[PDB]
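> When you get a sec, could you give me coordinates for this:
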Amino acid sequence: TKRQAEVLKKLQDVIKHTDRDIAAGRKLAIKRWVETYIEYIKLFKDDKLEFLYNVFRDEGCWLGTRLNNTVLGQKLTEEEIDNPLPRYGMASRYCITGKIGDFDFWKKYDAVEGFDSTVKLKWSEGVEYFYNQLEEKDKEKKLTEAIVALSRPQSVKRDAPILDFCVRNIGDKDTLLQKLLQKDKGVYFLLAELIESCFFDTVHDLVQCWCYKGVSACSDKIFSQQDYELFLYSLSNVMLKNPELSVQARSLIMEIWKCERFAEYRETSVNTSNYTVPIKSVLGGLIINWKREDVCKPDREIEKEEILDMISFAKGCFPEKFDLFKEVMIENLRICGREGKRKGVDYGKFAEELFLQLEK
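Residues are numbered from 1 along each chain as shown. There you are, the coordinates:
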């Protein structure tokens, strides 16, 4: 495990891109990659790890924050330094049927069967190949089916990369929303799974089409109060877990929270009752992220403003309950014990300070 962990860090410290977010996205992609192929690389040494460097420092392999599997597979089949990885193991894993490594699943399969089987196997490189071999008519239907199947409660992290791929290849996200709404909380599970794996871009696209595109939405709210509140709580946890992607997580928090379609939900989230308020984790999450000192963070002022405006919004909706709101938040920040929180510092004081500024 220590060895496995070392492997992960070394492979991530080579990625460098001008945009911090793109890089961080890639460090995550590498993590996911290493998760899939850990056994192959388990026993390894630095010298053998340089082959993984020339293919990972090559921007050809990278398509945005994600990896171009086709290119990557080709690079994983060339025996400069030796491929310590087996060509056959990799070729099969990357569905390179032709140019089979030669000297498991991989026979010959029709497209639909392969698609339906690869998804069951949670084989991200498998679903992609078959998607290509699919008839154009059948494409959207097959993808939609996969999404519905994989947007399920008892899910796993592997499902998210496939879900990401399916959403990005859906050419009509309006019908997708509709086929998802038939499933119980099928829309929540799709967004929550993409959030946990930090596929923020995909979520933004979905939020823009499903919440911001039109005056119309048969329930006007695609999400419920619970799903709305859970989205924000889950986003605040990921933001504290991935401080380099906090800008993208903060923008998603604001877009969901301040959406006009969910304005009633926004007012309910700041209603303090029974010594609790649903925005506690989220408002506490932004405060902790704003006071982080282990990262060089530009625009801490913008972050402070969001916090202040969220506090001001709570005062404007229920002015009578504001002192209750202040006491609940201060007490929550003193016992929270969440990630990114510096131990031994009283975060309650920071809140008290924000409350005073508001008074003036």
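> can I get the CA coordinates of the helix or strand that residue 238 is a member of in PDB?
Per DSSP states H and E: residue 238 is located in helix 225-241. Listed next in PDB are the C-alpha coordinates belonging to helix 225-241 (Å, rounded to 0.1, in the frame of the first residue of the first chain):
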ATOM      1  CA  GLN A 225     -35.600  19.900  -1.500                       C
ATOM      2  CA  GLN A 226     -33.500  16.900  -0.300                       C
ATOM      3  CA  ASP A 227     -31.700  16.500  -3.600                       C
ATOM      4  CA  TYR A 228     -31.100  20.200  -3.700                       C
ATOM      5  CA  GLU A 229     -29.700  20.200  -0.200                       C
ATOM      6  CA  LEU A 230     -27.700  17.100  -0.800                       C
ATOM      7  CA  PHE A 231     -26.100  18.400  -4.000                       C
ATOM      8  CA  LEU A 232     -24.700  21.400  -2.100                       C
ATOM      9  CA  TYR A 233     -23.600  19.400   1.000                       C
ATOM     10  CA  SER A 234     -21.800  16.900  -1.300                       C
ATOM     11  CA  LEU A 235     -20.200  19.800  -3.300                       C
ATOM     12  CA  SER A 236     -18.900  21.400  -0.100                       C
ATOM     13  CA  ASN A 237     -17.300  18.100   0.900                       C
ATOM     14  CA  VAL A 238     -15.600  17.600  -2.400                       C
ATOM     15  CA  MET A 239     -14.400  21.200  -2.400                       C
ATOM     16  CA  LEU A 240     -12.700  20.700   0.900                       C
ATOM     17  CA  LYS A 241     -11.300  17.400  -0.300                       C
END
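> Return the list of helices and strands in contact with that helix.
helix 186-196, helix 246-257, helix 263-269, helix 280-290 (3 or more CB pairs under 8 Å, 6 or more residues apart in numbering; DSSP states H and E). Heads up, the C-betas are built off the backbone N, CA and C, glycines and all.
> Report the angle between the last one and helix 246-257.
In terms of direction (axes from the mean of the first three to the mean of the last three CA atoms, to 10 degrees), helix 280-290 departs from helix 246-257 by 150 degrees.
> Kindly export helix 280-290 (C-alpha atoms) in PDB.
Provided in PDB are the C-alpha atoms of helix 280-290 (Å, rounded to 0.1, in the frame of the first residue of the first chain):
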ATOM      1  CA  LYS A 280     -24.800  24.900   7.800                       C
ATOM      2  CA  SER A 281     -22.400  22.500   6.100                       C
ATOM      3  CA  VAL A 282     -22.200  24.500   3.000                       C
ATOM      4  CA  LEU A 283     -21.800  27.900   4.600                       C
ATOM      5  CA  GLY A 284     -19.300  26.300   7.000                       C
ATOM      6  CA  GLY A 285     -17.600  24.700   4.000                       C
ATOM      7  CA  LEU A 286     -17.000  28.000   2.200                       C
ATOM      8  CA  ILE A 287     -15.700  29.600   5.400                       C
ATOM      9  CA  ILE A 288     -13.200  26.800   6.000                       C
ATOM     10  CA  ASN A 289     -12.200  26.900   2.300                       C
ATOM     11  CA  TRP A 290     -11.800  30.700   2.600                       C
END
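> who touches it?
232-233, 235-237, 239-240, 243, 246, 250, 253, 257, 300, 303-304, 306-307, 310-311, 328-329, 332-333, 336, 338, 340-341, 347, 350-351, 354 (CB atoms under 8 Å, 6 or more residues apart in numbering).
> do that again at 6 Å, thanks
Residues outside helix 280-290 that contact it (CB atoms under 6 Å, 6 or more residues apart in numbering) are 232-233, 236, 239-240, 246, 303-304, 307, 310, 332-333, 336, 340-341.
> And those residues, which two are furthest apart?
Using CB to CB, the contacts of helix 280-290 reach their maximum pairwise distance at 233 and 304, which is 21.3 Å.
> sorry, back to before: for the helix holding residue 238, list every residue counted as buried.
Of all the residues in helix 225-241, those buried under the rule 16 or more other CB atoms under 10 Å are 227-240.
> Repeat that for stretch 244-257.
For stretch 244-257, by 16+ other CB under 10 Å, it's 245-250, 252-253, 256-257.
> These into TSV, with extra columns for distance to residue 152?
What follows is those, written out as TSV (distance: CB to CB, whole Å):
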residue	distance to residue 152
245	25
246	29
247	30
248	26
249	24
250	29
252	22
253	25
256	22
257	26
